[PDB]
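Here's the structure we're looking at; comments come further down.
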Amino acid sequence: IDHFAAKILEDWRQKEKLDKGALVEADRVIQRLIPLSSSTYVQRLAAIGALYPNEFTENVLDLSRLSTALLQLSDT
Amino acid sequence: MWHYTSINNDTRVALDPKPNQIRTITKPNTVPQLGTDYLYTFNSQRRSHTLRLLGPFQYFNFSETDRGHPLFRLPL
Amino acid sequence: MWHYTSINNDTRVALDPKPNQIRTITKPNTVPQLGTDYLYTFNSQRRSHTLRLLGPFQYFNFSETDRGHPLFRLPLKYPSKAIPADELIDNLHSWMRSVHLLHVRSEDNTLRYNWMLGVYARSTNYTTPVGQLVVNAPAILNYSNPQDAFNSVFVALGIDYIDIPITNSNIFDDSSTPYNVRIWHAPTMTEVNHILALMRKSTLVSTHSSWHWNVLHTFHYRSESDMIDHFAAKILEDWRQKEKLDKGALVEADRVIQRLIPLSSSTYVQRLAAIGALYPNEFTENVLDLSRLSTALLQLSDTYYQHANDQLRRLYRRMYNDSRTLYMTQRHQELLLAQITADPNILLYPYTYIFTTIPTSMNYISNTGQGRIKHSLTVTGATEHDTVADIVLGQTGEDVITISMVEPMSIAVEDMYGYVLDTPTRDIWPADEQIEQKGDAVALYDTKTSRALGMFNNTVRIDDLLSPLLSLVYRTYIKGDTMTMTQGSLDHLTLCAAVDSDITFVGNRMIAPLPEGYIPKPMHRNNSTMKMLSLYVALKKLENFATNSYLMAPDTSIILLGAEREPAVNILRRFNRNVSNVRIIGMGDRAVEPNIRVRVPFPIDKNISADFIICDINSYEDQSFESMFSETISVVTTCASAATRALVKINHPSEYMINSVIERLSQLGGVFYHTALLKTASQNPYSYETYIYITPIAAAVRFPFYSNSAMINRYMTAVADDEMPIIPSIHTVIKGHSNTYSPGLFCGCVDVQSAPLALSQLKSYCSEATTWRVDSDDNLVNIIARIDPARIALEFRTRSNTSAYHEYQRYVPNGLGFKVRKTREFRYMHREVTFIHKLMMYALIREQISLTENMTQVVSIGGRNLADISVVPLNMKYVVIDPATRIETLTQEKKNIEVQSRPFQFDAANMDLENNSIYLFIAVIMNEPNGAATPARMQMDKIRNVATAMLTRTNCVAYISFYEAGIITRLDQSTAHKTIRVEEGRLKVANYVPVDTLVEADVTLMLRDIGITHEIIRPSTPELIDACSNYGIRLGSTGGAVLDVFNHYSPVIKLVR
Amino acid sequence: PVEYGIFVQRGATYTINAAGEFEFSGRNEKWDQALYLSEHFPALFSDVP
Ligand SMILES: Nc1nc2c(ncn2[C@@H]2O[C@H](COP(=O)(O)OP(=O)(O)OP(=O)(O)O)[C@@H](O)[C@H]2O)c(=O)[nH]1
Ligand SMILES: Nc1ncnc2c1ncn2[C@@H]1O[C@H](COP(=O)(O)OP(=O)(O)OP(=O)(O)O)[C@@H](O)[C@H]1O
Ligand SMILES: Nc1ncnc2c1ncn2[C@@H]1O[C@H](COP(=O)(O)OP(=O)(O)OP(=O)(O)O)[C@@H](O)[C@H]1O
Ligand SMILES: C[S@@+](CC[C@H](N)C(=O)[O-])C[C@H]1O[C@@H](n2cnc3c(N)ncnc32)[C@H](O)[C@@H]1O
Ligand SMILES: C[S@@+](CC[C@H](N)C(=O)[O-])C[C@H]1O[C@@H](n2cnc3c(N)ncnc32)[C@H](O)[C@@H]1O
Ligand SMILES: [Mg+2]
Ligand SMILES: [Mg+2]
């Protein structure tokens, strides 16, 4: 969960920088992980993670407790 | 400004040194320098020390012999 | 200057003291002193101590009792740090007091004391037969004739030789000695011959060409490696010496041939002796690496063993088969003969041969030591190439090269706070013009401006551009190293923008020292902070221009209307702490405290007013154009109503939008609003966003509307691109003469042997190329070279592939760089605004030229060093008529380029304009060839002359660049112009003399009177993007502000027939 | 232990080069007498600082 969280954060920051149209040295185009076998909660992280939800650009999530916020976001 | 402009690259490969550079990769003759060879920070609030080697060394597994070195004994 | 002049002398004999001087030779009464009695050095890197006694003591054997002294125990007592001079001096002093050499002082002035045998006998504690002979009869150590000093003791002992140990030079090492020096009883030359010939039948022995004390002495090595390292050092010594002799300087050579003569050795030593006696050119050229000398020497020998030169190869072979013979050039031999004529019984090595030195023409460039080489590759050379194979560049680690995205700006702190104006020009705004401008503005807003322009805007952020400068102010203030500055100074405002803590001067021009132990956190700035600061400075300069202090006047207020955290309000509040009563507040819809959170238009109940307003409102949401229009109108209206000096942002500065603003300001009752467009240096360099500046004045403003304003043109000319933005590639494979490269840069490494070839191949693309090897041992040579479109436009004009490869092979191996430090290239290098405008004008003229059909030639009068070459197509013939242009008839003939090399006559009778020709007059019209500025009436005269002269020929197209007058009005009111100026009313671009400007209306009126077709074009945003994408150039900030008003006021007349 | 680590990183043995420079193995290996006739030397006795 904590790994998936950090990677989701990285891909969201990256996609945010890409969408602004700036040239960027993305080491890999989709920074976030792809679970192959995991619990439910990881699958939720992967899901909202792939949504690139508006809430991250708006800073509606609290990043201090990232995965928790991510789980919460998923529920909505 | 729709289409993304990004320069993809295998950054982790670019980090691997040429074989000729390995002998002097530790820079044996000179003192390691802060902000180039390392980053040390002491968070007085959490009272946690944090060293972080830069360059190729950012990825370094430590042998149990390496752990026996006084350097790692320093935070105690 | 052939014959050598050297004064030979037995230096080792001169060192031996008179017997009377031995008693006080240790200087018992006084402390040994550094630099005279000793040399101590602590090499902190290798952590090795090194003591070295001077004078007679440089040769001192130590008794095991002497080693027991605490002095020698000292380096162990200080494993990591230098021995303090106190302890070193006291220990060396007491140990020096302990030594005493047996001797008998005498009256005769001819005596010398045999220091070698004295100290040697002392070291063995007088146990060996020489030690006994000395302790019993110390007077034996005194000698008149140097040789008899030893003959006396060989005769006394009956021995044929003494095997004497060598001292180490450093007295701290206790390492077992590589060799020892035997000393033979051989009084005459015949005995010397017999001993040498016997020595040539025994392992690991060698000797000098001549001997000190005129007594034969042989070196006897413990192992082959020791013989090698000794032979190496001696070869180095003789090569340095012969080099000094060949320069013809008088030199005190202690012995004419410094290098050793093996009598019996392994093969490798015989190779050292051979190349050593060659005195090869490579040493003078520094082609060898001296850090690993013997290795290099062995290597050199191998090439000489198989040398392409038959002479050097047969010579080296010969020297290798006769290693016992000493080889010397004639100029040495005369010195030997002089040395014999001076002292007839001098002993020197019997078996010698006098070879003639073989000349070699290869003048290698070289330089050991740090420093990358910054090559400037030639377009052409003596060498011809035929179908050179593609040269792959190696992968490089980040330990050597890194590629940062954008070069950070270097700049003075004041330069950041500058700004440019653009005043309104039109006297009226007719309704058809309104409908046209609205149609263009709606069509433009409806589809977003160019994706490439937005890329540069999103990569060349101002925050990152100014970070290296701003943080530097933090690090200096943090050490207390920063000091004097004025209260209101821009350096003070930068200091406020660096650190979160309040700063206060202790008095006039002197900031307070930091409280002890305190390290204040650097101020947090978002991307728009510095821009807001420069807008503050802008409003200050606009309220009055003479001011140096930028503090607010007491009892006044300012509002930063767009706000989040708005760090700028805090920095500004901090800036004005010493000023009484100054309201300062942000007031955005997203505002956090201190700033009030509120929507604009202001709620009807709320009362707001200030002496200054700095709006930065910008809707994040996507929205209809009519909504954005009404919103910006209400924003400018509310901003103008609330202050005597508004400074509104305009996100979409179309002509229609700004004119709507002035019209709406016109509709408000009772106040005539003077206005001006504006652009600060702290804006992102590429943003088209523009700050309109409203302010009431008593008079109604003549010419209130805008048309073709530069700030507006920056936006309006940008449009959706027909092509994707050009991402800068990093090339590795250098094809020989290919022209398939997208803009970017070559970057990689090659074997040092291939390196001359690779440079010769990439001269086809890159105009210059840095190179270096990481270290003397690593054979790969790194290269970086960005691709110049101008060099491609030059080199690909014809199929010939000449290069200076013959010159480049003078570089291998030491002649092309060393740098242990990591280097960091940028994908987007800095360039001055003049150069950028020049490149933009070139892009405009080149795209303009490709459209033109059936023209035989381009003629760039005033072309300098082929500056306009990027413009002309690879096909059509190119011509230059700059008097100052250098001629290169080989380059001209090979590349299809005529060069007139004479001043061009503008007079219509003298004019010789061809049919089907494109005449470039870029920036030449404003200057005489000698560089003095031509008066503006003369400029208009020569333009008229080119016009009438081309009026007759049916197919021609002139491009007369010039400076429009209006710019002098604007730079008189602007600040950000580190490059451009207004000395006495004339523009002063770069280092050029100030030069009077034409007015566009008079020029167009003149061209209409002439009757020739014309069209006064100037380069636009897409042209700028093309120049930047192609050349790899980021704009920079000051250039970003000045470039629009500068570009608009360098019109390019386009005469056409 | 510290100096030992620093020492044995250079190598447990060495060999003289044809150029006469020393070349240490870089490896920490126990010595055997089979090496006495080899190109190899014990590194403790190199007397190289
Ligand atoms: N023990 C001892 N050795 C000496 C003394 N003087 C000279 N030598 C050695 O004699 C050797 C040959 O003497 P020189 O021909 O005068 O000098 P060199 O061969 O050029 O060697 P260096 O001058 O020492 O570099 C050198 O290696 C010296 O170390 C001495 O007074 N005592
Ligand atoms: N955020 C979510 N993403 C995907 N599936 C979910 C999510 N929340 C619940 N589900 C599915 O619906 C069911 C709801 O379970 P329930 O809400 O009682 O407890 P939970 O699984 O811990 O979820 P929550 O954390 O919302 O309580 C789960 O079995 C799960 O499969
Ligand atoms: N630089 C040289 N000077 C004189 N003789 C040489 C040189 N190099 C080789 N020879 C002779 O030619 C032979 C070549 O031997 P080989 O090159 O296989 O190994 P080597 O002697 O170590 O030389 P290298 O170091 O060039 O390999 C040797 O026996 C030697 O006698
Ligand atoms: C581009 S931001 C720059 C603000 C300021 N320069 C800063 O960052 O410190 C402009 C801000 O203005 C705010 N804004 C937009 N419309 C507004 C309105 N109608 N009235 C007041 N504020 C508004 C937005 O919320 C946005 O955050
Ligand atoms: C101002 S400089 C630079 C011009 C422009 N930047 C370019 O490179 O094309 C103009 C050059 O034109 C040359 N020149 C000046 N007067 C000229 C004249 N009357 N006829 C031909 N060349 C002239 C000068 O030698 C000068 O180097
Ligand atoms: Mg990663
Ligand atoms: Mg000497």
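Just so we're on the same page: first chain in the structure tokens is A, next is B, and so on; residues restart at 1 for each chain, and ligands are numbered from 1 in the order they show up.
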Could you list the residues in chain C lying within 10 Å of chain B, using only C-alpha atoms, and format the result as a PyMOL selection string?
chain C and resi 44-47+394-402+447-455+720-721+724-729+774-775+777-780+820
How would the residues just chosen look if you wrote them out with C-alpha atoms as a PDB file, in the first residue's frame?
```pdb
ATOM      1  CA  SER C  44      46.389  15.629   3.619  1.00  0.00           C
ATOM      2  CA  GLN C  45      45.002  13.736   0.615  1.00  0.00           C
ATOM      3  CA  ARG C  46      47.434  10.795   0.810  1.00  0.00           C
ATOM      4  CA  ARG C  47      47.880  11.463   4.538  1.00  0.00           C
ATOM      5  CA  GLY C 394      29.576   5.716 -26.489  1.00  0.00           C
ATOM      6  CA  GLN C 395      27.074   5.835 -23.673  1.00  0.00           C
ATOM      7  CA  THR C 396      28.213   8.254 -20.952  1.00  0.00           C
ATOM      8  CA  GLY C 397      27.515   8.064 -17.214  1.00  0.00           C
ATOM      9  CA  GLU C 398      26.129  10.966 -15.192  1.00  0.00           C
ATOM     10  CA  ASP C 399      29.458  10.931 -13.360  1.00  0.00           C
ATOM     11  CA  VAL C 400      30.961  12.587 -16.446  1.00  0.00           C
ATOM     12  CA  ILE C 401      28.248  14.473 -18.339  1.00  0.00           C
ATOM     13  CA  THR C 402      24.778  15.603 -17.285  1.00  0.00           C
ATOM     14  CA  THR C 447      -8.318  27.687 -30.341  1.00  0.00           C
ATOM     15  CA  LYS C 448      -5.398  27.871 -27.926  1.00  0.00           C
ATOM     16  CA  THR C 449      -2.171  29.592 -29.019  1.00  0.00           C
ATOM     17  CA  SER C 450       0.809  27.595 -30.268  1.00  0.00           C
ATOM     18  CA  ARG C 451       1.639  24.376 -28.435  1.00  0.00           C
ATOM     19  CA  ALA C 452       5.350  25.022 -28.951  1.00  0.00           C
ATOM     20  CA  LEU C 453       5.144  28.519 -27.455  1.00  0.00           C
ATOM     21  CA  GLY C 454       3.314  27.038 -24.491  1.00  0.00           C
ATOM     22  CA  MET C 455       6.017  24.405 -24.193  1.00  0.00           C
ATOM     23  CA  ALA C 720      -2.002  26.972 -33.583  1.00  0.00           C
ATOM     24  CA  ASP C 721       0.998  25.256 -35.177  1.00  0.00           C
ATOM     25  CA  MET C 724       4.529  19.442 -33.411  1.00  0.00           C
ATOM     26  CA  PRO C 725       7.102  21.282 -31.250  1.00  0.00           C
ATOM     27  CA  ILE C 726      10.703  20.283 -31.932  1.00  0.00           C
ATOM     28  CA  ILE C 727      12.002  18.273 -28.976  1.00  0.00           C
ATOM     29  CA  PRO C 728      15.845  18.479 -28.770  1.00  0.00           C
ATOM     30  CA  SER C 729      17.430  15.084 -29.516  1.00  0.00           C
ATOM     31  CA  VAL C 774      38.264  12.183 -17.591  1.00  0.00           C
ATOM     32  CA  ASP C 775      41.824  11.263 -16.505  1.00  0.00           C
ATOM     33  CA  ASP C 777      44.608   6.688 -17.589  1.00  0.00           C
ATOM     34  CA  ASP C 778      41.099   6.545 -19.114  1.00  0.00           C
ATOM     35  CA  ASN C 779      41.404   6.388 -22.913  1.00  0.00           C
ATOM     36  CA  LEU C 780      37.836   7.466 -23.810  1.00  0.00           C
ATOM     37  CA  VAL C 820      37.905  14.979 -13.383  1.00  0.00           C
TER      38      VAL C 820
END
```
Can you build me a table of chain D residues sitting at most 10 Å from chain B, with the closest atom pair per residue and its distance in Å to one decimal, using only C-alpha atoms, sorted by chain and residue number, as JSON lines?
```
{"residue": "D:1", "atom": "CA", "partner": "B:69", "partner_atom": "CA", "distance": 8.1}
{"residue": "D:2", "atom": "CA", "partner": "B:69", "partner_atom": "CA", "distance": 6.8}
{"residue": "D:5", "atom": "CA", "partner": "B:65", "partner_atom": "CA", "distance": 8.6}
```
Would you list which chain A residues are within 12 Å of chain C using only C-alpha atoms, as JSON, numbers by chain?
{"A": [16, 17, 18, 19, 20, 21, 22, 23, 24, 25, 57, 58]}
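Computed from the coordinates, the CA of residue 253 in chain C to CA of residue 281 in chain C distance equals 21.1 Å.
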I'd like the neighbourhood of residue 834 in chain C as a PDB file with C-alpha atoms, in the first residue's frame, where a residue qualifies if any of its atoms comes within 10 Å (using only C-alpha atoms), though same-chain residues fewer than 4 positions away should be ignored.
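Below you can see out.pdb, which holds the result:
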```pdb
ATOM      1  CA  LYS C 838      19.048  38.434 -35.493  1.00  0.00           C
ATOM      2  CA  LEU C 839      18.162  34.731 -35.628  1.00  0.00           C
ATOM      3  CA  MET C 840      14.440  35.542 -35.722  1.00  0.00           C
ATOM      4  CA  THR C 979      21.811  45.718 -23.852  1.00  0.00           C
ATOM      5  CA  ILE C 980      19.805  48.387 -25.686  1.00  0.00           C
ATOM      6  CA  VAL C 989      22.690  47.954 -29.464  1.00  0.00           C
ATOM      7  CA  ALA C 990      25.535  45.801 -28.087  1.00  0.00           C
ATOM      8  CA  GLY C1039      15.656  39.426 -23.186  1.00  0.00           C
ATOM      9  CA  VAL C1042      12.882  43.674 -24.164  1.00  0.00           C
ATOM     10  CA  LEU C1043      12.463  41.374 -27.205  1.00  0.00           C
ATOM     11  CA  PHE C1046      12.866  45.602 -29.747  1.00  0.00           C
ATOM     12  CA  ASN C1047      11.609  43.316 -32.514  1.00  0.00           C
TER      13      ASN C1047
END
```
Please identify all protein, DNA and RNA residues within 10 Å of ligand 6, counting only C-alpha atoms and all ligand atoms, and report them as a PyMOL selection string.
(chain A and resi 7+10+26-28+31-32) or (chain B and resi 10-12)
Same residues, C-alpha atoms, saved as a PDB file, in the first residue's frame:
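So part_19.pdb came out as:
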```pdb
ATOM      1  CA  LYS A   7       4.068   5.825  -7.024  1.00  0.00           C
ATOM      2  CA  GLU A  10       4.667  10.483  -8.569  1.00  0.00           C
ATOM      3  CA  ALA A  26       9.860  11.482 -17.655  1.00  0.00           C
ATOM      4  CA  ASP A  27      12.008   8.442 -16.896  1.00  0.00           C
ATOM      5  CA  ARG A  28       8.933   6.350 -17.675  1.00  0.00           C
ATOM      6  CA  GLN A  31       5.056   6.289 -13.170  1.00  0.00           C
ATOM      7  CA  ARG A  32       2.522   4.257 -11.093  1.00  0.00           C
TER       8      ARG A  32
ATOM      9  CA  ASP B  10      16.290   5.164 -18.968  1.00  0.00           C
ATOM     10  CA  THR B  11      17.702   7.326 -16.176  1.00  0.00           C
ATOM     11  CA  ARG B  12      18.730   4.334 -14.077  1.00  0.00           C
TER      12      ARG B  12
END
```
Using only C-alpha atoms, which of the listed residues (D:37, D:12, D:6, D:44) sits closest to residue 25 in chain D?
D:12
Could you pull out the alpha helix (DSSP H) residues of range 628-799 of chain C, going by DSSP on the backbone, and write them as a PyMOL selection string?
chain C and resi 628-641+655-667+710-716+755-762+789-795
Name the residues in contact with range 39-48 of chain B at a cut-off of 12 Å, using only C-alpha atoms, excluding same-chain residues fewer than 5 positions from it; report them as number ranges by chain.
B: 32-34, 53-55, 57-58, 74-76
Within 7 Å of residue 1054 in chain C, counting only C-alpha atoms, which residues show up once you throw out same-chain ones fewer than 4 positions away? Write them as a PyMOL selection string, please.
chain C and resi 957-960+1014-1016
Keeping only C-alpha atoms, take the residues you just selected and write them out as a compact mmCIF listing (two decimals), in the first residue's frame.
```txt
# COMPACT_ATOMS: atom_id res chain seq x y z
CA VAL C 957 13.78 41.49 -53.82
CA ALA C 958 15.54 43.73 -51.28
CA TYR C 959 15.35 43.37 -47.50
CA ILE C 960 16.40 46.66 -45.90
CA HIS C 1014 6.93 47.18 -50.62
CA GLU C 1015 5.68 45.55 -47.42
CA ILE C 1016 7.20 46.46 -44.05
```
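Using only C-alpha atoms, the chain C residues found within 6 Å of chain D amount to residues 225, 294 and 295 of chain C.
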Ligand 1: which residues are within 9 Å, counting only C-alpha atoms and all ligand atoms? Reply as number ranges by chain.
C: 10-13, 15-16, 56-61, 114-120, 164-169, 179-181, 207-208, 210-213, 217-219, 233-234, 237, 254-255, 258-260
Write to file, as a PDB file, in the first residue's frame, the residues of the selection just made, with C-alpha atoms.
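Result saved to again24.pdb:
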```pdb
ATOM      1  CA  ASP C  10      80.916  17.687  -9.412  1.00  0.00           C
ATOM      2  CA  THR C  11      78.029  18.991  -7.306  1.00  0.00           C
ATOM      3  CA  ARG C  12      78.167  16.055  -4.901  1.00  0.00           C
ATOM      4  CA  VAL C  13      81.777  16.961  -4.079  1.00  0.00           C
ATOM      5  CA  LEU C  15      78.435  19.464  -0.967  1.00  0.00           C
ATOM      6  CA  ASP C  16      81.123  17.789   1.188  1.00  0.00           C
ATOM      7  CA  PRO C  56      74.954  18.146   3.723  1.00  0.00           C
ATOM      8  CA  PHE C  57      72.230  16.273   5.580  1.00  0.00           C
ATOM      9  CA  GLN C  58      70.289  15.518   2.409  1.00  0.00           C
ATOM     10  CA  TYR C  59      72.559  12.483   2.342  1.00  0.00           C
ATOM     11  CA  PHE C  60      72.317  10.931   5.795  1.00  0.00           C
ATOM     12  CA  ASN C  61      72.300   7.238   6.646  1.00  0.00           C
ATOM     13  CA  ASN C 114      84.320  12.740   3.142  1.00  0.00           C
ATOM     14  CA  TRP C 115      80.773  13.168   4.315  1.00  0.00           C
ATOM     15  CA  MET C 116      79.580   9.942   2.697  1.00  0.00           C
ATOM     16  CA  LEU C 117      81.983   7.632   4.512  1.00  0.00           C
ATOM     17  CA  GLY C 118      81.682   9.642   7.705  1.00  0.00           C
ATOM     18  CA  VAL C 119      77.929   9.436   8.091  1.00  0.00           C
ATOM     19  CA  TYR C 120      77.960   5.909   6.708  1.00  0.00           C
ATOM     20  CA  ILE C 164      77.291   1.636   0.359  1.00  0.00           C
ATOM     21  CA  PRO C 165      73.492   1.808   1.101  1.00  0.00           C
ATOM     22  CA  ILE C 166      71.453   4.695  -0.281  1.00  0.00           C
ATOM     23  CA  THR C 167      69.496   7.034   1.940  1.00  0.00           C
ATOM     24  CA  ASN C 168      65.825   7.581   1.240  1.00  0.00           C
ATOM     25  CA  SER C 169      65.118  11.260   0.538  1.00  0.00           C
ATOM     26  CA  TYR C 179      69.304  -0.681  -4.737  1.00  0.00           C
ATOM     27  CA  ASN C 180      72.676   0.057  -3.213  1.00  0.00           C
ATOM     28  CA  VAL C 181      75.701   1.851  -4.605  1.00  0.00           C
ATOM     29  CA  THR C 207      75.944   2.803 -13.795  1.00  0.00           C
ATOM     30  CA  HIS C 208      76.224   6.495 -14.610  1.00  0.00           C
ATOM     31  CA  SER C 210      80.340   9.724 -15.260  1.00  0.00           C
ATOM     32  CA  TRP C 211      80.962   9.458 -11.540  1.00  0.00           C
ATOM     33  CA  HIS C 212      81.095  11.875  -8.635  1.00  0.00           C
ATOM     34  CA  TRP C 213      84.331  12.164  -6.635  1.00  0.00           C
ATOM     35  CA  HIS C 217      80.407   3.596  -8.594  1.00  0.00           C
ATOM     36  CA  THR C 218      77.842   1.040  -9.713  1.00  0.00           C
ATOM     37  CA  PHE C 219      74.176   0.604  -8.771  1.00  0.00           C
ATOM     38  CA  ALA C 233      63.664   8.713 -13.176  1.00  0.00           C
ATOM     39  CA  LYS C 234      67.105   9.106 -14.715  1.00  0.00           C
ATOM     40  CA  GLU C 237      66.198  13.853 -15.757  1.00  0.00           C
ATOM     41  CA  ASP C 254      76.248  18.055 -12.796  1.00  0.00           C
ATOM     42  CA  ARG C 255      76.953  15.421 -15.442  1.00  0.00           C
ATOM     43  CA  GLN C 258      72.131  12.199 -16.747  1.00  0.00           C
ATOM     44  CA  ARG C 259      70.679   8.738 -17.630  1.00  0.00           C
ATOM     45  CA  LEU C 260      72.006   5.343 -16.519  1.00  0.00           C
TER      46      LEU C 260
END
```
